[PDB]
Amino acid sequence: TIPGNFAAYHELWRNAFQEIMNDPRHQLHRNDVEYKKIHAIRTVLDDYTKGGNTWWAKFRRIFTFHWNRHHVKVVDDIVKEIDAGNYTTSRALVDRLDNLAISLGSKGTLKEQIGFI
């Protein structure tokens, strides 16, 4: 309930993100063009990096956690990746989001959970 490492925070975040993307108010269909999906995801991620006042109010709790600051910085980098044109499918975008907490070395999926993918 209080995430004790960055991966645990990301797991809470994934659950929230999935709920938000499945919100009926997006009016997203799985046969929509990919640009429409990617843009809706980008809007939600952007709102997340700006304090979550539009889409993340229900999950206001996560913004107080220690891990939020760094996680917001990583999501901000991904929004930049969207803006740079790195994603042509929403599937690839949510895979990036899925796996953002893992790293190489040492010191189901989001696709399946989201209806329009």
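When you see a residue number, it is the position in the sequence shown, counting from 1.
The modelled chain breaks after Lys107 and resumes at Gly108, leaving 4 to 9 residues of the deposited sequence without coordinates. Per the PDB record, of the two stretches 33 to 41 and 70 to 78, 33 to 41 carries the greater mean B-factor over its C-alpha atoms.
When the mean C-alpha temperature factors of 14 to 22 and 93 to 101 are read from the deposited coordinates, 14 to 22 comes out higher. The residue among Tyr87, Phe65, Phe59, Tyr48 whose C-alpha carries the highest B-factor in the deposited model is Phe59.
In the deposited entry, the Cα temperature factor of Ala8 places it in the lowest third of its chain's modelled residues.
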